[PDB]
Structure formats: structure tokens, C-alpha cells
């Protein structure tokens, strides 16, 4: 019914790393780094792997910060996205054919050029809160309905 994905935010005291996706689903928007979890891999190992594939960065400990389920009306599969944060990385962000990473000051997060749900949950992430969300979309621009609640255990 739902397929596992990961999303990783590199969030430091004064800045966050986002990646401008160049191709495929969400192309043209800034977001964290993530993708599909593989056969035989834990969700956390998938999150670590996707961060390196998409940003060139190495993370050790990842912290669970959220779960968000996406529904696209007309599409059978739900995306079950496991969201993680880290403040501690190694390497320099690398630009590839798939992704252009840029640091942003926290008061300059480019919400108009991000998926619209991010305006709801990113501010929770900035204040070190944890959350469970559901967003029902029509196409990629319209939130038909949503729920979002803070939790103590992701």
C-alpha cells in the first residue's frame, strides 16, 4: 500500500543544506536528500546511502525527526517518507547531473521553490520538534487535505 522513502536534512545552528533536483520527480524544487529504500537495507542505512549519492556527504548518526505519508490522487501507491536530521557531516557538497546542493540561512529557506507541504513541517524541524504528517495532493502544487501532529517518538 505504501513504499518506503527517506529524506535527510543537514541542519546546523545557522544554516540548512538543500538540493535543487535537476531531473525526475520534484525536478525544479529545493528539498532534502533522499530516495527509495532498497531490499535488505534498513531505513536508516538507506537514508545514509541516499545522502552520499545525492550530496557527496558522509553522515554517521542520523536522528529520526518525522514520518510523512504522501498521497497523489489517481496514483495507487502512498509514499511513506522517513525524515532524518544531522548537524555533523564529512565532505563538501558536490553538484552532479541530478542535484545542485546549496547552503541556506534559516531565515532564507526558499519555500516558494519547495513542495508546498514543506511550509508546514520544516518550521517544526527548525525548532527541533518531531512529527507525523499526511498530505493528500492533486498533482504537485495543490494540497487537498492534510494532517500534521507533533510526536515524542517518530
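Each form is matched to the other, and the largest set of C-alpha atoms that superpose within 1.5 Å is called the rigid core. Positions refer to the first chain, counted from 1.
S.K.: State which stretch is farther from the displayed form on average in 6 other deposited structures of this protein, 91-99 or 120-128, counting RMS CA distance after fitting on the rigid core.
M.R.: Stretch with the larger root mean square C-alpha distance in 6 other deposited structures of this protein: 91-99.
S.K.: May I ask you to compare 19-27 and 126-134 by their mean CA B factor in the entry and name the higher one?
M.R.: Comparing 19-27 with 126-134, the higher mean C-alpha B-factor belongs to 19-27.
S.K.: Averaging CA B factors per stretch from the PDB record, which one is higher: 57-65 or 113-121?
M.R.: Comparing 57-65 with 113-121, the higher mean C-alpha B-factor belongs to 57-65.
S.K.: By the recorded C-alpha temperature factor, relative to the other modelled residues in its chain, which third is residue 106 in?
M.R.: As the PDB entry reports it, the C-alpha B-factor of residue 106 lands in the highest third of its chain.
S.K.: Which third, lowest, middle or highest, does the C-alpha temperature factor of residue 71 belong to within its own chain?
M.R.: Tercile = lowest for this residue's CA B-factor.
S.K.: Give the position of residue 6 by CA B-factor within its chain, expressed as the lowest, middle or highest third.
M.R.: According to the entry, residue 6 has a C-alpha B-factor in the chain's lowest third.
S.K.: Please place residue 37 in the lowest, middle or highest third of its chain according to the CA B-factor in the PDB entry.
M.R.: Middle third, going by the recorded CA B-factors of the chain.
S.K.: Ranking every modelled residue in this chain by its Cα temperature factor as given in the entry, which third contains residue 47?
M.R.: Bottom third by C-alpha B-factor.
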